[PDB]
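Right, one structure below, let's go through it.
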Amino acid sequence: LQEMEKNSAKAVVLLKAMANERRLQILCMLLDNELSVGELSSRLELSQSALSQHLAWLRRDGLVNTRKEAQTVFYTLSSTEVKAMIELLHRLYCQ
Amino acid sequence: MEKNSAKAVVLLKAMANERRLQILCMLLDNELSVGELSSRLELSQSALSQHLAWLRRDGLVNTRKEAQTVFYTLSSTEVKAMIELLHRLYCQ
């Protein structure tokens, strides 16, 4: 039970970051892509203001990486775990 | 990517809790009674019952009854592949 608690906690950080329609939408779009914040706002149809908080959560919990080019911030998926989970969700629900 | 993401999010919300996830991982490739679950999880049956009600409501588990024993299993293809993946990722 203890080791199951140990692992369940970390998995749950990941799940809690994914368990939101907007954060999941972002993650799904980043799968095998690098997208700007402008593109994310356009595709999600959320203002950049509402977007920034979702992105902030994904940055804080380590699900996403960033880089800056001129006036553009580019996001990609980060961890092996999130990539694997997004791939799977894509196959079950999209592909 | 709106309706399917919404279904996915119902699943993820059901999984995004340490006790609920524990229940689901234990049910993987298994069928367990309420007693077996409570025994392994070290929860009161009422506490366990709260989590189970959530899992049944959202379609992640099937139940059946024999005598006065209730038995649980995972339900869908989606839930099973998600648990299998998680087990691979976090339980080496």
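For the numbers below, each heavy atom of this structure counts, side chains included, while hydrogens, waters and symmetry mates do not. In what follows, chains are A, B, ... by sequence order, proteins preceding strands, each numbered from 1.
Within the model, atoms CG of B:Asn17 and NZ of A:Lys16 stand 7.0 Å from one another, a figure rounded to the nearest 0.5 Å. Note that OH of A:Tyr93 is 4.5 Å distant from CD of B:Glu78, once rounded to the nearest 0.5 Å. Once rounded to the nearest 0.5 Å, the distance linking OG1 of B:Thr77 with CG of A:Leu92 reads 8.5 Å. Rounded to the nearest 0.5 Å, atoms CG (A:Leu1) and CZ (B:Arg40) are 10.0 Å apart. Here CG of A:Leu15 is found 5.5 Å from CG of B:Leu86. Values are rounded to the nearest 0.5 Å.
Taking the side chain to side chain donor-acceptor pair (under 3.5 Å) definition, one finds that B:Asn4 meets it with B:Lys7, sequence neighbours left out.
Counting heavy atoms of neighbouring residues, nucleotides and ligands inside a 6.0 Å radius, atom NZ of A:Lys68 exceeds 12 of them.
Note on B:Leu43 and B:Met15: same hydrophobic cluster, where clusters join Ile, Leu, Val, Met, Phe, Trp and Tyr whose side-chain heavy atoms are under 4.5 Å apart, directly or indirectly. Residues A:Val73 and A:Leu58 fall within the same hydrophobic cluster, defined by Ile, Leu, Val, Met, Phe, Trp and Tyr side chains chained together at heavy-atom separations under 4.5 Å. Both B:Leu28 and B:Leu85 belong to a single network of hydrophobic side chains, linked directly or stepwise wherever heavy atoms of I, L, V, M, F, W or Y lie under 4.5 Å apart. A:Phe74 and A:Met29 fall into different hydrophobic clusters, defined by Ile, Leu, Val, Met, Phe, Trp and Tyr side-chain heavy atoms under 4.5 Å apart, directly or through other members. Hydrophobic clustering keeps A:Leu51 apart from A:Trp57 (ILVMFWY residues linked when any side-chain heavy atoms are closer than 4.5 Å, directly or through intermediates).
Of the two parts of B:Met82, the backbone and the side chain both hold a non-hydrogen atom closer than 4.5 Å to a non-hydrogen atom of chain A. Looking at B:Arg19, the atoms closer than 4.5 Å to chain A (heavy atoms on both sides) all sit in the side chain, from C-beta outward.
Considering all non-hydrogen atoms of both residues, B:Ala8 and A:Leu24 come closest at CB-CD2, 3.8 Å.
Results of the side chain to side chain contact (heavy atoms under 4.5 Å, CB included) test with A:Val12 over B:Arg20, B:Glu18, B:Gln22 single out B:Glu18 as the only residue that passes.
Each of A:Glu3, A:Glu5, A:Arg91 has some count of heavy-atom pairs under 4.5 Å with chain B, and the biggest count is that of A:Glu5.
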